[PDB]
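>>> Generate a structure from the sequence data that follows.
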Amino acid sequence: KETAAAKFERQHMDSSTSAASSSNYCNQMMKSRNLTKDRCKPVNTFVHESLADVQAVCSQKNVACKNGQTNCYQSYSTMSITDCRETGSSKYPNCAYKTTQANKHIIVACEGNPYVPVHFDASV
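Numbering: from 1, shown residues only. Pasting the structure now:
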């Protein structure tokens with residue numbers, strides 16, 4: 001019964017690569033992490049930093065979440081991330097994605113004890 005923290009790791013963590021290795025990165029990853037199961041997940045971001053560094057964001061800059069909640073935090077430093085965006089030619093079950101690497105600050109929502117990331121809110 002996958003916890004919210006575990007789901008965050010599956011959907012957004014990829015410390016294996018330092019950046020978007022290939023143009024087919026998203027196509028493979030979105031499928032590998034089961035984000036193309038029930039449908040082609042429109043957009044998803046992967047963070048290429050250590051889990052410790054990502055979890056540490058929960059003790060960083062407190063900012064408002066997009067839904068109005070106040071438990072979001074923005075990283076003090078930029079982080080290596082890869083944004084995956086569904087193409088127009090993409091048709092389930094053959095989900096196609098556009099891979100885009102970048103260095104941006106991330107914003108995550110944190111909850112629980114231990115206080116850890118449970119939702120990826122944005123990249124800035």
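>>> So which residues of this protein form helices?
With DSSP state H as the criterion, the chain has helices at 4-12, 25-32, 51-55.
>>> Quick one: residues contacting residue 54.
Residues in contact with residue 54 (Cβ atoms under 8 Å, 6 or more residues apart in numbering) are 13, 47, 79, 106, 108, 117. From N, CA and C alone the C-beta is placed, and that goes for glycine too.
>>> residues near residue 56, how many?
15 (other Cβ atoms under 10 Å).
>>> what sits against it?
Counting by Cβ under 8 Å, 6+ apart, residue 56 has no contacts.
>>> Quick check: it vs residue 101, distance?
22 Å (Cβ to Cβ, to the nearest Å).
>>> Among the helices of the chain, show me which one is buried the most.
helix 25-32 (a mean of 19; mean count of other Cβ atoms under 10 Å).
>>> Report the angle between it and helix 4-12.
Taking axes from the mean of the first three to the mean of the last three Cα atoms, to 10 degrees, one finds helix 25-32 and helix 4-12 inclined to each other by 140 degrees.
>>> What helices and strands are in contact with helix 25-32?
Identification of packing neighbours for helix 25-32 by 3 or more Cβ pairs under 8 Å, 6 or more residues apart in numbering; DSSP states H and E yields strand 43-47, strand 79-86, strand 97-104.
>>> ok, what's across the strand from residue 13?
With DSSP bridges as the criterion, residue 13 is bridged to residue 47.
>>> Touching, it and residue 46? I think so.
Yes - if you go by Cβ atoms under 8 Å, residue 13 and residue 46 touch, sitting 7.2 Å apart.
>>> who has more neighbours, those two?
Between residue 13 and residue 46, counted using other Cβ under 10 Å, residue 46 has the larger neighbour count: 25 against 19.
>>> That one reaches residue 16, doesn't it?
No - assessed by Cβ under 8 Å, residue 46 is found out of contact with residue 16, at 9.9 Å.
>>> Report the contact partners of residue 9.
By Cβ under 8 Å, 6+ apart, the neighbours of residue 9 are residue 51.
>>> For residue 78, give its distance to residue 91.
Counting by Cβ to Cβ, the gap from residue 78 to residue 91 is 35 Å.
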